[PDB]
Amino acid sequence: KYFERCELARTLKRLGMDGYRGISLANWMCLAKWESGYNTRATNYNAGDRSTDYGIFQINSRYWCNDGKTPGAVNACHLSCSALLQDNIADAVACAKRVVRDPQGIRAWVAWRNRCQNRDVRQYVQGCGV
């Protein structure tokens with residue numbers, strides 16, 4: 001499913017993402033926007049290392065979820081990567097939270113550094129009632 005901007009903002013807020021490990025909702029919005037365009041079905045195969053990025057936050061199979069086909073991969077979120085392809089994003093959010101509990105925090109996603117860090121991300125949550 002492709003979420004509408006404010007629909008996603010409130011969906012993430014209800015799932016407890018607002019200020020999680022000090023990360024604002026607008027930061028998460030910017031991340032989902034640049035990672036998948038708010039598409040829970042988004043997928044990207046990385047031919048270089050044989051891994052795949054899954055769902056709305058494009059979480060990688062090498063370390064976070066298990067798809068059974070990534071060489072020497074781990075499953076830190078303890079989830080089948082299929083769970084990251086559901087319209088319901090509760091599991092993807094649980095995993096995104098797991099990712100940010102590590103040292104890097106939101107910096108785990110290079111796209112956040114590229115397109116959200118030190119950027120004006122207000123626009124992502126304006127008018128959403130969050």
Side-chain angles (χ1 to χ4, degrees):
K1 132 181 199 186
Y2 263 94
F3 277 81
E4 293 273 68
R5 185 175 63 95
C6 293
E7 179 198 3
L8 177 64
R10 296 187 295 271
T11 300
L12 291 177
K13 188 173 193 187
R14 282 188 295 263
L15 287 166
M17 291 287 250
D18 194 350
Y20 184 77
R21 291 302 154 92
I23 304 162
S24 75
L25 191 55
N27 272 294
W28 288 118
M29 287 294 292
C30 184
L31 177 70
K33 177 68 180 190
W34 287 109
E35 286 296 351
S36 65
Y38 309 143
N39 179 17
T40 62
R41 285 197 52 232
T43 53
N44 175 61
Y45 181 61
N46 301 292
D49 83 328
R50 301 185 185 253
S51 68
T52 298
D53 300 317
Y54 296 86
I56 203 167
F57 299 122
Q58 288 290 279
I59 291 169
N60 190 261
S61 64
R62 176 152 299 290
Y63 330 89
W64 311 102
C65 61
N66 178 53
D67 65 2
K69 64 178 175 189
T70 309
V74 295
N75 176 12
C77 292
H78 291 93
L79 291 170
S80 156
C81 297
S82 173
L84 304 182
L85 300 174
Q86 304 171 83
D87 278 6
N88 181 287
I89 66 170
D91 288 324
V93 162
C95 187
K97 285 175 179 181
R98 172 57 188 82
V99 175
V100 305
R101 285 204 293 279
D102 275 10
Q104 287 187 286
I106 194 64
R107 289 158 163 79
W109 289 271
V110 178
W112 180 89
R113 294 180 234 167
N114 295 353
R115 319 217 182 216
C116 306
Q117 179 179 191
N118 304 132
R119 303 276 198 159
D120 183 325
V121 297
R122 289 185 277 171
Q123 59 195 315
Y124 289 99
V125 298
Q126 304 308 279
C128 304
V130 293

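These values consider heavy atoms only, across backbone and side chains, with no hydrogens, waters or symmetry-generated copies. All residue numbers refer to positions in the sequence shown, counting from 1.
- Looking at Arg10, its side chain does come within 3.5 Å of a backbone N or O of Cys128 through a donor-acceptor pair.
- Looking at every heavy atom in both residues, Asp91 comes nearest to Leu79 through O-CD1, 3.6 Å.
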Side chain to side chain contact (heavy atoms under 4.5 Å, CB included) between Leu12 and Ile89: does it pass, once the steps are laid out?
CA-CA 8 Å; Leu12 291 177; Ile89 66 170; 3.7 Å; yes
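- At most 12 heavy atoms of other shown residues, nucleotides or ligands fall within 6.0 angstrom of atom CZ in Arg115.
- Here the two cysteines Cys77 and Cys65 have their SG atoms 2.5 angstrom or farther apart.
- Summarising the geometry, atom CG belonging to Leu8 is positioned 10.5 Å from atom NZ belonging to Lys33; distances are rounded to the nearest 0.5 Å.
- No side-chain donor-acceptor contact under 3.5 Å links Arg107 to the backbone of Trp112.
- For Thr11 against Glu7, the heavy-atom pair with the smallest separation is OG1-O, 2.6 Å.
- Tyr20 places none of its side-chain heavy atoms less than 4.5 Å from the side chain of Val93.
- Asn75 CG to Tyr63 OH: the interatomic distance, rounded to the nearest 0.5 Å, is 14.0 Å.
- Within 6.0 Å of CZ in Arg101 there are more than 12 heavy atoms belonging to other residues, nucleotides or ligands.
- Using the six-membered ring where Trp is involved, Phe57 and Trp109 have ring planes that are tilted, between 30° and 60° apart.
- A distance of 10.0 Å separates NZ in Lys97 from CZ in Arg21, rounded to the nearest 0.5 Å.
- Closest approach of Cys116 and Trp34 over heavy atoms only: SG-CD1, 4.2 Å.
- Residues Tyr124 and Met29 share a closest heavy-atom pair of CB-CB, 3.6 Å.
- With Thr70 contributing its side chain and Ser51 its backbone, the two residues share no donor-acceptor pair below 3.5 Å.
- Linking ILVMFWY side-chain heavy atoms closer than 4.5 Å, directly or via other members, places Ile59 and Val74 in a single hydrophobic cluster.
- The CG atom of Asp53 lies 9.0 Å from the OG1 atom of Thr43; values are rounded to the nearest 0.5 Å.
- Between the side chain of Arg98 and the backbone N or O of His78, no donor-acceptor pair lies under 3.5 Å.
- With values rounded to the nearest 0.5 angstrom, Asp87 atom CG is found 13.0 Å from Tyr2 atom OH.
- Surrounding CZ of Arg113 are more than 12 heavy atoms belonging to other residues, nucleotides or ligands, all under 6.0 Å away.
- Between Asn88 and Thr40, the closest side-chain pair of non-hydrogen atoms is not below 4.5 Å.
- Between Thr52 and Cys81, the closest side-chain pair of non-hydrogen atoms is not below 4.5 Å.
- Under a 3.5 Å cut-off, the side chain of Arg62 and the backbone N or O of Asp49 do form a donor-acceptor pair.
- Considering every non-hydrogen atom in both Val121 and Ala26, the closest pair reads O-CB, 3.5 Å.
- A donor-acceptor distance shorter than 3.5 angstrom exists from the side chain of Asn66 to the backbone of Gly68, with no hydrogens or angles considered.
- Smallest separation of non-hydrogen atoms from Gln58 and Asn44: OE1-CB, 3.4 Å.
- Rounding to the nearest 0.5 Å gives a distance of 8.0 Å between CG of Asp102 and CD of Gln104.
- Between the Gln126 side chain and the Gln123 main chain, no donor and acceptor come within less than 3.5 Å of each other.
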